[PDB]
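Just so it is clear: in the first sequence, position 90 is 101 by the deposited numbering, and no numbers are missing.
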Amino acid sequence: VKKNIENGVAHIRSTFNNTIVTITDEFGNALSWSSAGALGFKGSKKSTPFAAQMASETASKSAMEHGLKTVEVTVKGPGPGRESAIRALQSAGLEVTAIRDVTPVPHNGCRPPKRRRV
RNA sequence: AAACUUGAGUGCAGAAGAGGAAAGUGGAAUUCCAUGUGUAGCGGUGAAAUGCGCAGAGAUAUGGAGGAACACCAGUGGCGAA
């Protein structure tokens, strides 16, 4: 029931709509996750830096209960809550060994959706 | 009718180019499908809802299938009659 993973990876997906934080082992197996939506943030509040922090703190705390002490951070997306999430991991007591940006970029690939005229 | 070389061509020696046609080879990303981890949302908006998910979604890891387009370079840069 209790795992013992000392070293793990924290994945922060920050979008204009939401922030999701999943903490995984180095092999990509998930330990815990939290989101602005999961904590009951709604609408504009979901994308706020505060909501991102609270999501990060919740996910970190649960992961530490599995014995995680050190984390490597991977960030994806352009949302406002990326930095707050990274600070929250440190605040939760996990140590951030490395921070890396993994947001996907095509080398001129698929056609994007139409621009919103309104 | 007879000359001439300046126009227009030819030769010779150089120069650059997303000019065109046909094969072949890549890497990024999207979608789908398959499994592992995992959990109560995800997604979306001015705000919502429809939708998707709890028959395990989204996320994360790995593998496979397929199509389309070629980041950076890249510039009143280049090439072409358009």
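Even for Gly, the Cβ is constructed at its ideal location relative to N, Cα and C.
- Shown here for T26: same chain residues with a beta carbon closer than 8 Å to its own, the five before and five after excluded, namely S58, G88, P89, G90 in chain order.
- Counting along the chain, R98 sits inside no beta strand (DSSP E); it lies in the alpha helix (DSSP H) bounded by residues 93 to 103.
- The residue from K56, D112, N29, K80 with its alpha-carbon nearest to that of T35 is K80.
- About 7 Å separates the beta carbons of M75 and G104, which is inside the 8 Å limit, making them a contact pair.
- The Cβ atoms of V32 and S67 sit closer than 7 Å to each other.
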